[PDB]
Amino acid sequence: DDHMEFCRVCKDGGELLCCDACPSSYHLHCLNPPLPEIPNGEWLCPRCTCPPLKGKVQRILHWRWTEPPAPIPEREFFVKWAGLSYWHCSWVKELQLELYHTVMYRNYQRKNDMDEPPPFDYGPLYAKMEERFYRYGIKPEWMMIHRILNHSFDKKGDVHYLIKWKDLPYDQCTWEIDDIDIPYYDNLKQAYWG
């Protein structure tokens, strides 16, 4: 059960600080934020400290820069979650992706530039729907309801509906929450029940 004899971030050896939960080892200048020096007691590495993901990510859409944590800028990615529709597209931390979706993460890496974010895809509440969604690569039909196919009740009992989304094949239907203001949503709910 040895540790890495080289900093994970910079691949070089020397003064190393080793995680007590995993064999990772880092150079204090390499971590973000950098640490003053060797801390007292246990120390868990940035990949051991990393929080788990809310679900499983289906597709990475976009990435952005963010403000450095409080003592180098980190990075967040706009993700499409597997099983949930584009209304649930969230932002996740770069190291979350590498830890839990490595091959997918590195596949994205190989294709694009990771110094400058990709350009926005421009081709009522549209001006905002363009803000959270459309510019990142979400074709606006993918957030429009085509059909309500079925309903379901969970442990708590909040009803879920299985929605077929427009210009998105049935294989990517999605169980959606009751309390979300989709355009038209409750009008199709009444059609389904009535």
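Note that residue numbering follows the sequence shown and begins at 1.
Checklist line | Residues of the deposited sequence that sit between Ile72 and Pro71 yet are not modelled | finding: Gap between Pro71 and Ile72: 10 or more unmodelled residues.
Item checked: Selected stretch [higher average CA B-factor]: 168-176 or 13-21 -> Higher of the two, by average CA B-factor, is 13-21.
Margin query: Can you tell me whether 144-152 has a higher mean C-alpha B factor than 129-137 in this record, or the other way round?
Written below: According to the PDB entry, the answer is 129-137.
Checklist line | Lowest, middle or highest third - CA B-factor, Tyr122 | finding: For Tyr122, whose C-alpha B-factor we compare with every modelled residue in the chain, the answer is the highest third.
Next item on the list: Within this chain's modelled residues, let me know which third the CA B factor of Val57 belongs to: lowest, middle or highest.
Entry: For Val57, the deposited C-alpha B-factor lands in the lowest third.
Margin query: Using the temperature factors of the C-alpha atoms in this entry, rank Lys111 within its chain: lowest, middle or highest third.
Written below: Tercile = highest for this residue's CA B-factor.
Item checked: Entry-reported Cα temperature factor of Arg64, expressed as the chain third it lands in -> Ranked within chain, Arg64 CA B lands in the middle tercile.
Item checked: Chain third (lowest, middle, highest) by recorded CA B-factor, residue given as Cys45 -> CA B-factor rank for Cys45: middle third.
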